Structure formats: C-alpha cells, structure tokens
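Undergrad: For reference, this is upload07.pdb, and it has PDB, C-alpha atoms.
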```
ATOM      1  CA  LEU Y   1      86.649  65.967 119.522
ATOM      2  CA  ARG Y   2      88.073  63.417 117.076
ATOM      3  CA  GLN Y   3      84.941  63.846 114.970
ATOM      4  CA  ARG Y   4      85.583  67.589 115.138
ATOM      5  CA  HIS Y   5      89.144  66.939 113.952
ATOM      6  CA  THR Y   6      87.784  65.011 110.977
ATOM      7  CA  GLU Y   7      85.344  67.713 109.883
ATOM      8  CA  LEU Y   8      88.065  70.268 110.581
ATOM      9  CA  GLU Y   9      90.499  68.294 108.357
ATOM     10  CA  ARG Y  10      87.720  68.100 105.669
ATOM     11  CA  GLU Y  11      87.196  71.890 105.957
ATOM     12  CA  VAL Y  12      90.999  72.532 105.904
ATOM     13  CA  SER Y  13      91.213  70.357 102.775
ATOM     14  CA  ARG Y  14      88.320  72.349 101.188
ATOM     15  CA  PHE Y  15      90.012  75.718 101.953
ATOM     16  CA  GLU Y  16      93.490  74.456 100.889
ATOM     17  CA  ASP Y  17      92.009  73.088  97.613
ATOM     18  CA  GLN Y  18      89.835  76.204  97.002
ATOM     19  CA  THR Y  19      92.775  78.569  97.758
ATOM     20  CA  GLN Y  20      95.125  76.473  95.540
ATOM     21  CA  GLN Y  21      92.743  76.511  92.522
ATOM     22  CA  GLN Y  22      91.727  80.148  93.104
ATOM     23  CA  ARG Y  23      95.363  81.356  93.480
ATOM     24  CA  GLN Y  24      96.398  79.352  90.361
ATOM     25  CA  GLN Y  25      93.675  80.783  88.022
ATOM     26  CA  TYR Y  26      93.913  84.288  89.552
ATOM     27  CA  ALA Y  27      97.776  84.251  89.494
ATOM     28  CA  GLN Y  28      97.665  83.122  85.813
ATOM     29  CA  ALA Y  29      95.281  86.068  85.171
ATOM     30  CA  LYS Y  30      97.651  88.427  87.169
ATOM     31  CA  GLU Y  31     100.674  87.113  85.216
ATOM     32  CA  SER Y  32      98.695  87.701  81.984
ATOM     33  CA  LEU Y  33      98.114  91.352  83.055
ATOM     34  CA  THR Y  34     101.861  91.705  83.814
ATOM     35  CA  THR Y  35     102.786  90.206  80.384
ATOM     36  CA  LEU Y  36     100.322  92.631  78.720
ATOM     37  CA  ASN Y  37     101.599  95.735  80.586
ATOM     38  CA  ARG Y  38     105.342  94.666  80.288
ATOM     39  CA  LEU Y  39     105.539  93.371  76.684
ATOM     40  CA  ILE Y  40     102.650  95.505  75.236
ATOM     41  CA  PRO Y  41     101.834  98.564  77.533
ATOM     42  CA  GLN Y  42     100.460 100.452  74.455
ATOM     43  CA  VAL Y  43     103.761  99.425  72.655
ATOM     44  CA  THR Y  44     101.338  98.246  69.910
ATOM     45  CA  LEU Y  45     101.081 101.989  68.962
ATOM     46  CA  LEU Y  46     104.858 101.975  68.113
ATOM     47  CA  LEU Y  47     104.314  98.769  66.049
ATOM     48  CA  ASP Y  48     101.033 100.174  64.537
ATOM     49  CA  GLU Y  49     100.789  97.012  62.281
ATOM     50  CA  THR Y  50     102.401  99.165  59.520
TER      51      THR Y  50
ATOM     52  CA  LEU C   1      94.413  86.235 135.122
ATOM     53  CA  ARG C   2      92.816  89.682 135.105
ATOM     54  CA  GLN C   3      96.318  91.162 134.865
ATOM     55  CA  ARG C   4      96.872  88.862 131.882
ATOM     56  CA  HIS C   5      93.611  90.045 130.316
ATOM     57  CA  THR C   6      94.681  93.672 130.726
ATOM     58  CA  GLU C   7      98.042  93.158 129.065
ATOM     59  CA  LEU C   8      96.443  90.950 126.384
ATOM     60  CA  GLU C   9      93.901  93.754 125.601
ATOM     61  CA  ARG C  10      96.855  96.187 125.228
ATOM     62  CA  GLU C  11      98.495  93.649 122.907
ATOM     63  CA  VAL C  12      95.248  93.099 120.885
ATOM     64  CA  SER C  13      95.136  96.879 120.431
ATOM     65  CA  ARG C  14      98.803  96.932 119.231
ATOM     66  CA  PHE C  15      98.151  94.088 116.729
ATOM     67  CA  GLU C  16      94.982  95.829 115.442
ATOM     68  CA  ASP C  17      96.825  99.177 115.098
ATOM     69  CA  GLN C  18      99.823  97.509 113.364
ATOM     70  CA  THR C  19      97.712  95.290 111.020
ATOM     71  CA  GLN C  20      95.565  98.305 110.015
ATOM     72  CA  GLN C  21      98.542 100.679 109.490
ATOM     73  CA  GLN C  22     100.555  98.158 107.418
ATOM     74  CA  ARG C  23      97.502  97.111 105.283
ATOM     75  CA  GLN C  24      96.702 100.780 104.505
ATOM     76  CA  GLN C  25     100.362 101.865 103.917
ATOM     77  CA  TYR C  26     101.118  98.852 101.673
ATOM     78  CA  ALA C  27      97.707  99.204  99.895
ATOM     79  CA  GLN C  28      98.638 102.833  98.975
ATOM     80  CA  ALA C  29     102.060 101.440  97.920
ATOM     81  CA  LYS C  30     100.151  98.836  95.748
ATOM     82  CA  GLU C  31      98.042 101.664  94.225
ATOM     83  CA  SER C  32     101.272 103.620  93.446
ATOM     84  CA  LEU C  33     103.035 100.490  91.993
ATOM     85  CA  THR C  34      99.966  99.698  89.833
ATOM     86  CA  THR C  35      99.932 103.294  88.449
ATOM     87  CA  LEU C  36     103.683 102.959  87.597
ATOM     88  CA  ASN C  37     103.335  99.480  86.037
ATOM     89  CA  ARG C  38     100.228 100.736  84.063
ATOM     90  CA  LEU C  39     101.332 104.187  82.833
ATOM     91  CA  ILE C  40     105.176 103.832  82.681
ATOM     92  CA  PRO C  41     106.251 100.096  82.706
ATOM     93  CA  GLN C  42     109.587 100.818  80.896
ATOM     94  CA  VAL C  43     107.782 103.460  78.705
ATOM     95  CA  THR C  44     110.532 105.784  80.062
ATOM     96  CA  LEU C  45     113.051 103.597  78.083
ATOM     97  CA  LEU C  46     110.929 104.055  74.880
ATOM     98  CA  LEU C  47     111.281 107.852  75.567
ATOM     99  CA  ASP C  48     115.003 107.347  76.579
ATOM    100  CA  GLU C  49     115.168 111.122  77.481
ATOM    101  CA  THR C  50     116.124 111.462  73.762
TER     102      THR C  50
ATOM    103  CA  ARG H   1     101.405 112.149  93.600
ATOM    104  CA  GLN H   2     104.015 109.874  95.313
ATOM    105  CA  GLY H   3     107.311 111.669  96.103
ATOM    106  CA  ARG H   4     107.784 115.238  94.587
ATOM    107  CA  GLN H   5     110.577 114.382  92.095
ATOM    108  CA  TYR H   6     111.221 110.632  92.476
ATOM    109  CA  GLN H   7     114.053 109.176  90.311
ATOM    110  CA  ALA H   8     112.083 109.511  87.018
ATOM    111  CA  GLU H   9     115.352 108.818  85.059
ATOM    112  CA  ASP H  10     115.369 105.098  86.117
ATOM    113  CA  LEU H  11     112.411 104.010  88.333
ATOM    114  CA  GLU H  12     112.420 100.143  87.857
ATOM    115  CA  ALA H  13     114.331  99.734  91.167
ATOM    116  CA  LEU H  14     111.359 101.348  93.001
ATOM    117  CA  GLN H  15     108.914  98.939  91.276
ATOM    118  CA  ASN H  16     111.083  96.027  92.572
ATOM    119  CA  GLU H  17     111.216  97.481  96.145
ATOM    120  CA  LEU H  18     107.427  98.108  96.095
ATOM    121  CA  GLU H  19     106.950  94.433  95.008
ATOM    122  CA  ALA H  20     109.192  93.484  97.991
ATOM    123  CA  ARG H  21     106.893  95.719 100.149
ATOM    124  CA  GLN H  22     103.845  93.791  98.754
ATOM    125  CA  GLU H  23     105.601  90.577  99.895
ATOM    126  CA  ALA H  24     106.059  92.399 103.247
ATOM    127  CA  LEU H  25     102.247  93.140 103.160
ATOM    128  CA  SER H  26     101.487  89.395 102.830
ATOM    129  CA  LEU H  27     104.051  88.478 105.555
ATOM    130  CA  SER H  28     102.904  91.237 107.978
ATOM    131  CA  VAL H  29      99.131  90.683 107.496
ATOM    132  CA  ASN H  30      99.416  86.862 107.863
ATOM    133  CA  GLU H  31     101.769  87.114 110.912
ATOM    134  CA  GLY H  32      99.610  89.780 112.619
ATOM    135  CA  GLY H  33      96.456  87.744 111.786
ATOM    136  CA  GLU H  34      97.721  84.368 113.082
ATOM    137  CA  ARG H  35      99.416  85.901 116.161
ATOM    138  CA  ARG H  36      96.403  88.051 117.183
ATOM    139  CA  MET H  37      93.988  85.138 116.740
ATOM    140  CA  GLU H  38      96.329  82.692 118.590
ATOM    141  CA  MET H  39      96.668  85.169 121.506
ATOM    142  CA  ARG H  40      92.821  85.591 121.325
ATOM    143  CA  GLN H  41      92.600  81.785 121.756
ATOM    144  CA  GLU H  42      94.968  82.177 124.749
ATOM    145  CA  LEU H  43      92.435  84.817 125.964
ATOM    146  CA  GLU H  44      89.649  82.195 125.564
ATOM    147  CA  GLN H  45      91.694  79.731 127.679
ATOM    148  CA  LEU H  46      92.058  82.474 130.169
ATOM    149  CA  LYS H  47      88.322  83.236 130.063
ATOM    150  CA  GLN H  48      87.377  79.605 130.668
ATOM    151  CA  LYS H  49      89.927  79.549 133.486
TER     152      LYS H  49
ATOM    153  CA  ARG M   1      97.732  81.785  76.302
ATOM    154  CA  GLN M   2      94.392  83.234  77.574
ATOM    155  CA  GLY M   3      91.636  83.523  74.939
ATOM    156  CA  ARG M   4      92.373  82.340  71.287
ATOM    157  CA  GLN M   5      92.339  85.755  69.516
ATOM    158  CA  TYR M   6      90.299  87.645  72.184
ATOM    159  CA  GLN M   7      90.315  91.207  70.692
ATOM    160  CA  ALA M   8      94.171  91.502  70.609
ATOM    161  CA  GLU M   9      93.823  94.458  68.110
ATOM    162  CA  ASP M  10      93.034  96.776  71.101
ATOM    163  CA  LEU M  11      93.239  94.814  74.380
ATOM    164  CA  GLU M  12      93.200  97.785  76.877
ATOM    165  CA  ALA M  13      89.715  96.907  78.277
ATOM    166  CA  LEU M  14      90.857  93.354  79.303
ATOM    167  CA  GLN M  15      93.534  94.847  81.630
ATOM    168  CA  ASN M  16      90.688  96.585  83.566
ATOM    169  CA  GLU M  17      88.854  93.197  83.850
ATOM    170  CA  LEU M  18      92.097  91.576  85.136
ATOM    171  CA  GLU M  19      92.402  94.381  87.774
ATOM    172  CA  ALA M  20      89.027  93.371  89.319
ATOM    173  CA  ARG M  21      90.359  89.755  89.280
ATOM    174  CA  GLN M  22      93.685  90.910  90.896
ATOM    175  CA  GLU M  23      91.777  92.729  93.706
ATOM    176  CA  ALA M  24      89.583  89.627  94.236
ATOM    177  CA  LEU M  25      92.815  87.460  94.227
ATOM    178  CA  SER M  26      93.994  89.238  97.402
ATOM    179  CA  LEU M  27      90.535  89.021  99.062
ATOM    180  CA  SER M  28      89.992  85.334  98.117
ATOM    181  CA  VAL M  29      93.516  84.216  99.256
ATOM    182  CA  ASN M  30      93.630  86.458 102.385
ATOM    183  CA  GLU M  31      90.238  85.134 103.618
ATOM    184  CA  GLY M  32      90.848  81.458 102.576
ATOM    185  CA  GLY M  33      94.346  81.393 104.172
ATOM    186  CA  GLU M  34      92.954  83.022 107.365
ATOM    187  CA  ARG M  35      90.061  80.439 107.520
ATOM    188  CA  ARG M  36      92.386  77.411 107.206
ATOM    189  CA  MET M  37      94.779  79.108 109.717
ATOM    190  CA  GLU M  38      91.895  79.705 112.209
ATOM    191  CA  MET M  39      91.078  75.995 111.955
ATOM    192  CA  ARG M  40      94.846  75.113 112.253
ATOM    193  CA  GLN M  41      94.837  76.878 115.630
ATOM    194  CA  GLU M  42      91.427  75.334 116.536
ATOM    195  CA  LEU M  43      92.835  71.900 115.548
ATOM    196  CA  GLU M  44      95.785  72.532 117.889
ATOM    197  CA  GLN M  45      93.252  73.535 120.623
ATOM    198  CA  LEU M  46      91.127  70.552 119.819
ATOM    199  CA  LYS M  47      94.381  68.579 119.897
ATOM    200  CA  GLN M  48      95.267  70.221 123.213
ATOM    201  CA  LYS M  49      91.779  69.558 124.583
TER     202      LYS M  49
END
```
If you convert what's in this file into structure tokens, what do you get?

TA:
Amino acid sequence: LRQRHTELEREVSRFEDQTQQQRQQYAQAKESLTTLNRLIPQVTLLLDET
Amino acid sequence: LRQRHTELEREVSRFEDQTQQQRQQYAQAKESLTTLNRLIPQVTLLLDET
Amino acid sequence: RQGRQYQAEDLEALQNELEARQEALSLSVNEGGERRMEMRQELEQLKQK
Amino acid sequence: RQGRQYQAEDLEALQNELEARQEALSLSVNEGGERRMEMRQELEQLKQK
C-alpha cells in the first residue's frame, strides 16, 4: 500500500500539474475573450479607424 | 448494514438529483450570461437610452 | 429569452450575480462530487463488511 | 498579449475560437480536479487501510 501511495502521489502530482498548466493557459485565453468583449465588443465600429 | 445501504442509496439519489439540477440550471445561467457579455457588454451605455 | 422585461436600463448587476452563480456552480459541483464519491467509498467499506 | 498582430482589424472569429477553449476549460478542470480528488479519498482509504 505504500507503493500505491507513491504511484498515487505521482498521479496526483501529474493531475495537479496538468490542471495548473491547463487552467493557466485556458484562463489567460478566457481573460483575453473578456478583454475583447469588454474593451472592444464591436466598439471598433464606433472608432472605425477614421 | 443493509439499513445503511438503503439510506445511502436514498442519499446517492439526492446527490445525483442535486448535482444534475444545479449543473443544468447554472449551465443555462452561463448560456444567458455569455449572451449578455457577447451582445450587450456595456453596449447599453454606448446607447445610453439617448 | 431570460426574464420577460429584465432591468434592461442597467443590467451589469445581473452579470455580476450570474458570475457569483458560476462560482456557486463550481462550489456545488465539487462539493456534490467529493461528498457523493466519499459516501460511495463508505458504501464500499460497508460492502466489504 | 496573445498573437503579435493576429487579424486585429476584424477579430470577431477569434472570440468563437476562445469559446470552444472556454467550454474545454470547464471540462478539463472539472475532470482533472475530480481525478485528483478521487485519488485524495483513495489515498485516505489507502492511509486508513
């Protein structure tokens, strides 16, 4: 059962790492979508680069 | 222990019902929030009911 | 679609409450998930018993 | 911030890409978190065993 703990701790580390990286890149992408739809939700049509 | 199993099965059912209901209800809330933050994220202020 | 006439004059407060309800989604789904699986493990102890 | 120029002239299509990512965010974190949590309980069992 100690060997099972070790592999379990390895697997926990893999999921914690994977979830940390995944949530960081995906949250940065989600935050990018929020910046786009908050700062420029077709507001570029009011600007129109005139 | 069979009494415990019976009550535990009732409780499993309650958790399944609750987890389903909340995931659906909040997913429809997410779908409604995403339509608002897509179509009218402060666009109502650009309009200003002028 | 949601509501019939739903505070169209100033709706940002609803976006904030719906975000709070998405936090409630994450809390509720994780709590229900851990508690149901932990009580399922209690069921396994009971089954072995 | 993301991309270097990345079609900023008309960026509407990218929001749709980010939506697929946002859906997959929830799936990927919900499953991952549940897996580690399942093993947290199993670890406690193994610990209890």

Undergrad: Run the PyMOL selection byres ((chain M and resi 45) around 12) against the file shown and list the residues it catches, as JSON, numbers by chain.

TA: {"Y": [1, 2, 4, 5, 8], "H": [38, 41, 42, 44, 45], "M": [38, 39, 40, 41, 42, 43, 44, 46, 47, 48, 49]}

Undergrad: Could you list, as a ChimeraX atom specification, the residues of chain M having an atom within 12 Å of chain C when counting all atoms listed in the file?

TA: /M:12,15-16,19,22-23,26,30

Undergrad: In terms of the shortest atom-to-atom distance over all atoms listed in the file, which of C:33, C:39, C:45, C:27 is closest to chain Y?

TA: C:39

Undergrad: If the PyMOL selection byres ((chain C) within 10 of (chain Y)) were run on this exact file, what residues would it hold? Put them as an NGL selection string.

TA: :C and (37-43 or 46)

Undergrad: Chain C vs chain Y: Cα RMSD after least-squares superposition over all Cα in order?

TA: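 Across the paired C-alpha atoms, the RMSD reaches 2.0 Å.
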
Undergrad: Least-squares fit on all C-alpha atoms, paired in order: put chain H onto chain M and return it as a PDB file with C-alpha atoms, in the frame of the given file.

TA:
```pdb
ATOM      1  CA  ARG H   1      99.242  82.399  74.134  1.00  0.00           C
ATOM      2  CA  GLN H   2      96.116  83.467  76.137  1.00  0.00           C
ATOM      3  CA  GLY H   3      92.841  83.029  74.190  1.00  0.00           C
ATOM      4  CA  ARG H   4      93.147  82.169  70.391  1.00  0.00           C
ATOM      5  CA  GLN H   5      91.794  85.480  68.995  1.00  0.00           C
ATOM      6  CA  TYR H   6      91.012  87.667  72.032  1.00  0.00           C
ATOM      7  CA  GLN H   7      89.469  91.114  71.279  1.00  0.00           C
ATOM      8  CA  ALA H   8      92.730  92.565  69.829  1.00  0.00           C
ATOM      9  CA  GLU H   9      90.711  95.569  68.449  1.00  0.00           C
ATOM     10  CA  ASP H  10      90.177  97.025  71.992  1.00  0.00           C
ATOM     11  CA  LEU H  11      91.784  95.007  74.853  1.00  0.00           C
ATOM     12  CA  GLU H  12      91.957  97.649  77.712  1.00  0.00           C
ATOM     13  CA  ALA H  13      88.741  96.209  79.246  1.00  0.00           C
ATOM     14  CA  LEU H  14      90.561  92.855  79.737  1.00  0.00           C
ATOM     15  CA  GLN H  15      93.501  94.638  81.450  1.00  0.00           C
ATOM     16  CA  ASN H  16      90.952  96.224  83.869  1.00  0.00           C
ATOM     17  CA  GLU H  17      89.214  92.843  84.538  1.00  0.00           C
ATOM     18  CA  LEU H  18      92.612  91.132  85.062  1.00  0.00           C
ATOM     19  CA  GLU H  19      93.499  93.922  87.580  1.00  0.00           C
ATOM     20  CA  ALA H  20      90.132  93.157  89.285  1.00  0.00           C
ATOM     21  CA  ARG H  21      91.211  89.446  89.260  1.00  0.00           C
ATOM     22  CA  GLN H  22      94.541  90.487  90.927  1.00  0.00           C
ATOM     23  CA  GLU H  23      92.428  92.214  93.623  1.00  0.00           C
ATOM     24  CA  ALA H  24      90.505  88.891  93.789  1.00  0.00           C
ATOM     25  CA  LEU H  25      93.942  87.131  94.208  1.00  0.00           C
ATOM     26  CA  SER H  26      94.733  89.317  97.259  1.00  0.00           C
ATOM     27  CA  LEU H  27      91.199  88.835  98.713  1.00  0.00           C
ATOM     28  CA  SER H  28      91.137  85.040  98.084  1.00  0.00           C
ATOM     29  CA  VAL H  29      94.708  84.346  99.327  1.00  0.00           C
ATOM     30  CA  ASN H  30      94.250  86.456 102.514  1.00  0.00           C
ATOM     31  CA  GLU H  31      90.766  84.970 103.257  1.00  0.00           C
ATOM     32  CA  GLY H  32      91.931  81.378 102.609  1.00  0.00           C
ATOM     33  CA  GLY H  33      95.098  82.041 104.688  1.00  0.00           C
ATOM     34  CA  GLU H  34      93.348  83.575 107.731  1.00  0.00           C
ATOM     35  CA  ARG H  35      90.448  81.068 107.642  1.00  0.00           C
ATOM     36  CA  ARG H  36      92.681  77.965 107.288  1.00  0.00           C
ATOM     37  CA  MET H  37      95.003  79.137 110.071  1.00  0.00           C
ATOM     38  CA  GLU H  38      92.052  80.111 112.358  1.00  0.00           C
ATOM     39  CA  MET H  39      90.441  76.668 111.801  1.00  0.00           C
ATOM     40  CA  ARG H  40      93.949  75.152 112.438  1.00  0.00           C
ATOM     41  CA  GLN H  41      93.913  77.023 115.787  1.00  0.00           C
ATOM     42  CA  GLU H  42      90.442  75.500 116.383  1.00  0.00           C
ATOM     43  CA  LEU H  43      92.164  72.141 115.602  1.00  0.00           C
ATOM     44  CA  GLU H  44      94.800  72.975 118.277  1.00  0.00           C
ATOM     45  CA  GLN H  45      91.991  73.662 120.800  1.00  0.00           C
ATOM     46  CA  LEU H  46      90.555  70.377 119.799  1.00  0.00           C
ATOM     47  CA  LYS H  47      93.933  68.645 120.170  1.00  0.00           C
ATOM     48  CA  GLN H  48      94.463  70.024 123.672  1.00  0.00           C
ATOM     49  CA  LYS H  49      90.906  68.959 124.486  1.00  0.00           C
TER      50      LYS H  49
END
```

Undergrad: Residues picked by the PyMOL selection byres ((chain H and resi 2) around 12) here, as a CSV table (one decimal) with C-alpha atoms, in the frame of the given file?

TA:
```csv
chain,number,residue,atom,x,y,z
C,28,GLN,CA,98.6,102.8,99.0
C,29,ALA,CA,102.1,101.4,97.9
C,30,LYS,CA,100.2,98.8,95.7
C,31,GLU,CA,98.0,101.7,94.2
C,32,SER,CA,101.3,103.6,93.4
C,33,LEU,CA,103.0,100.5,92.0
C,35,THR,CA,99.9,103.3,88.4
C,36,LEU,CA,103.7,103.0,87.6
H,1,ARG,CA,101.4,112.1,93.6
H,3,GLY,CA,107.3,111.7,96.1
H,4,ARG,CA,107.8,115.2,94.6
H,5,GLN,CA,110.6,114.4,92.1
H,6,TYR,CA,111.2,110.6,92.5
H,7,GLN,CA,114.1,109.2,90.3
H,8,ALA,CA,112.1,109.5,87.0
H,14,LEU,CA,111.4,101.3,93.0
```

Undergrad: Report, in Å with one decimal, the straight-line distance from atom CA of residue 31 of chain H to atom CA of residue 13 of chain H.

TA: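 Straight-line distance from atom CA of residue 31 of chain H to atom CA of residue 13 of chain H works out to 26.6 Å.
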
Undergrad: So what do you get for atom CA of residue 13 of chain Y versus atom CA of residue 34 of chain M, distance-wise?

TA: 13.6 Å

Undergrad: What is the atom CA of residue 36 of chain H to atom CA of residue 29 of chain M distance in Å?

TA: 18.6 Å

Undergrad: Just need segment 10-35 of chain Y in a file, please: N, CA, C and O atoms, as an mmCIF file, in the first residue's frame.

TA:
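And here's selection.cif as it stands now:
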```cif
data_model
loop_
_atom_site.group_PDB
_atom_site.id
_atom_site.type_symbol
_atom_site.label_atom_id
_atom_site.label_comp_id
_atom_site.auth_asym_id
_atom_site.auth_seq_id
_atom_site.Cartn_x
_atom_site.Cartn_y
_atom_site.Cartn_z
ATOM 1 N N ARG Y 10 2.408 10.340 -7.342
ATOM 2 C CA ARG Y 10 2.886 10.655 -8.702
ATOM 3 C C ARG Y 10 1.703 11.076 -9.570
ATOM 4 O O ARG Y 10 1.755 12.107 -10.232
ATOM 5 N N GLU Y 11 0.617 10.307 -9.553
ATOM 6 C CA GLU Y 11 -0.590 10.602 -10.326
ATOM 7 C C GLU Y 11 -1.259 11.910 -9.880
ATOM 8 O O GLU Y 11 -1.667 12.711 -10.718
ATOM 9 N N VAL Y 12 -1.312 12.171 -8.573
ATOM 10 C CA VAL Y 12 -1.840 13.417 -8.004
ATOM 11 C C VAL Y 12 -0.993 14.564 -8.518
ATOM 12 O O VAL Y 12 -1.545 15.540 -9.012
ATOM 13 N N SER Y 13 0.332 14.424 -8.466
ATOM 14 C CA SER Y 13 1.246 15.442 -8.975
ATOM 15 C C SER Y 13 0.971 15.691 -10.456
ATOM 16 O O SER Y 13 0.816 16.838 -10.857
ATOM 17 N N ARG Y 14 0.819 14.633 -11.269
ATOM 18 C CA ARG Y 14 0.520 14.767 -12.700
ATOM 19 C C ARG Y 14 -0.787 15.524 -12.920
ATOM 20 O O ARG Y 14 -0.804 16.448 -13.725
ATOM 21 N N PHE Y 15 -1.865 15.185 -12.211
ATOM 22 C CA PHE Y 15 -3.142 15.893 -12.351
ATOM 23 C C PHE Y 15 -3.048 17.330 -11.834
ATOM 24 O O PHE Y 15 -3.589 18.240 -12.455
ATOM 25 N N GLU Y 16 -2.400 17.571 -10.698
ATOM 26 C CA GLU Y 16 -2.226 18.919 -10.155
ATOM 27 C C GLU Y 16 -1.430 19.765 -11.155
ATOM 28 O O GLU Y 16 -1.862 20.860 -11.494
ATOM 29 N N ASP Y 17 -0.315 19.257 -11.676
ATOM 30 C CA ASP Y 17 0.480 19.957 -12.685
ATOM 31 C C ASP Y 17 -0.360 20.233 -13.945
ATOM 32 O O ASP Y 17 -0.508 21.381 -14.365
ATOM 33 N N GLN Y 18 -0.939 19.178 -14.535
ATOM 34 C CA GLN Y 18 -1.758 19.268 -15.739
ATOM 35 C C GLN Y 18 -2.892 20.274 -15.550
ATOM 36 O O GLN Y 18 -3.059 21.152 -16.393
ATOM 37 N N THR Y 19 -3.637 20.200 -14.442
ATOM 38 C CA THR Y 19 -4.722 21.147 -14.161
ATOM 39 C C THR Y 19 -4.163 22.551 -13.979
ATOM 40 O O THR Y 19 -4.769 23.486 -14.484
ATOM 41 N N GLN Y 20 -3.030 22.738 -13.294
ATOM 42 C CA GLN Y 20 -2.422 24.061 -13.136
ATOM 43 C C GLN Y 20 -2.062 24.668 -14.493
ATOM 44 O O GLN Y 20 -2.514 25.769 -14.794
ATOM 45 N N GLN Y 21 -1.292 23.960 -15.333
ATOM 46 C CA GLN Y 21 -0.933 24.474 -16.657
ATOM 47 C C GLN Y 21 -2.193 24.737 -17.483
ATOM 48 O O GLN Y 21 -2.407 25.854 -17.957
ATOM 49 N N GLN Y 22 -3.057 23.727 -17.615
ATOM 50 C CA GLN Y 22 -4.288 23.848 -18.376
ATOM 51 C C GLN Y 22 -5.117 25.041 -17.892
ATOM 52 O O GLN Y 22 -5.448 25.898 -18.705
ATOM 53 N N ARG Y 23 -5.392 25.181 -16.588
ATOM 54 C CA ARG Y 23 -6.182 26.324 -16.117
ATOM 55 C C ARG Y 23 -5.456 27.629 -16.392
ATOM 56 O O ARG Y 23 -6.125 28.580 -16.742
ATOM 57 N N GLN Y 24 -4.129 27.706 -16.283
ATOM 58 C CA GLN Y 24 -3.403 28.945 -16.586
ATOM 59 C C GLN Y 24 -3.563 29.346 -18.061
ATOM 60 O O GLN Y 24 -4.065 30.437 -18.329
ATOM 61 N N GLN Y 25 -3.229 28.480 -19.026
ATOM 62 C CA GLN Y 25 -3.374 28.837 -20.449
ATOM 63 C C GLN Y 25 -4.833 29.090 -20.842
ATOM 64 O O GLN Y 25 -5.135 30.046 -21.553
ATOM 65 N N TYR Y 26 -5.762 28.263 -20.358
ATOM 66 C CA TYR Y 26 -7.177 28.423 -20.670
ATOM 67 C C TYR Y 26 -7.762 29.663 -19.975
ATOM 68 O O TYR Y 26 -8.563 30.368 -20.581
ATOM 69 N N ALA Y 27 -7.358 29.986 -18.742
ATOM 70 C CA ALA Y 27 -7.815 31.191 -18.052
ATOM 71 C C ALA Y 27 -7.253 32.422 -18.763
ATOM 72 O O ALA Y 27 -7.980 33.385 -18.945
ATOM 73 N N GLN Y 28 -5.998 32.394 -19.228
ATOM 74 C CA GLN Y 28 -5.427 33.510 -19.987
ATOM 75 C C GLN Y 28 -6.229 33.699 -21.283
ATOM 76 O O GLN Y 28 -6.545 34.824 -21.664
ATOM 77 N N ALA Y 29 -6.626 32.604 -21.943
ATOM 78 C CA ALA Y 29 -7.460 32.672 -23.140
ATOM 79 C C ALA Y 29 -8.869 33.212 -22.790
ATOM 80 O O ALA Y 29 -9.396 34.074 -23.495
ATOM 81 N N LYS Y 30 -9.462 32.795 -21.661
ATOM 82 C CA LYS Y 30 -10.767 33.284 -21.176
ATOM 83 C C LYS Y 30 -10.677 34.776 -20.846
ATOM 84 O O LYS Y 30 -11.519 35.562 -21.263
ATOM 85 N N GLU Y 31 -9.623 35.194 -20.161
ATOM 86 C CA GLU Y 31 -9.399 36.598 -19.823
ATOM 87 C C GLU Y 31 -9.228 37.392 -21.117
ATOM 88 O O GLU Y 31 -9.813 38.462 -21.247
ATOM 89 N N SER Y 32 -8.547 36.841 -22.126
ATOM 90 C CA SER Y 32 -8.408 37.519 -23.412
ATOM 91 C C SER Y 32 -9.794 37.742 -24.031
ATOM 92 O O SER Y 32 -10.120 38.872 -24.388
ATOM 93 N N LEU Y 33 -10.671 36.729 -24.017
ATOM 94 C CA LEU Y 33 -12.032 36.864 -24.534
ATOM 95 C C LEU Y 33 -12.774 37.961 -23.768
ATOM 96 O O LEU Y 33 -13.395 38.819 -24.383
ATOM 97 N N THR Y 34 -12.657 37.989 -22.437
ATOM 98 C CA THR Y 34 -13.302 39.037 -21.635
ATOM 99 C C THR Y 34 -12.732 40.412 -21.975
ATOM 100 O O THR Y 34 -13.485 41.367 -22.076
ATOM 101 N N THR Y 35 -11.419 40.558 -22.187
ATOM 102 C CA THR Y 35 -10.852 41.865 -22.565
ATOM 103 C C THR Y 35 -11.397 42.279 -23.932
ATOM 104 O O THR Y 35 -11.830 43.415 -24.096
#
```
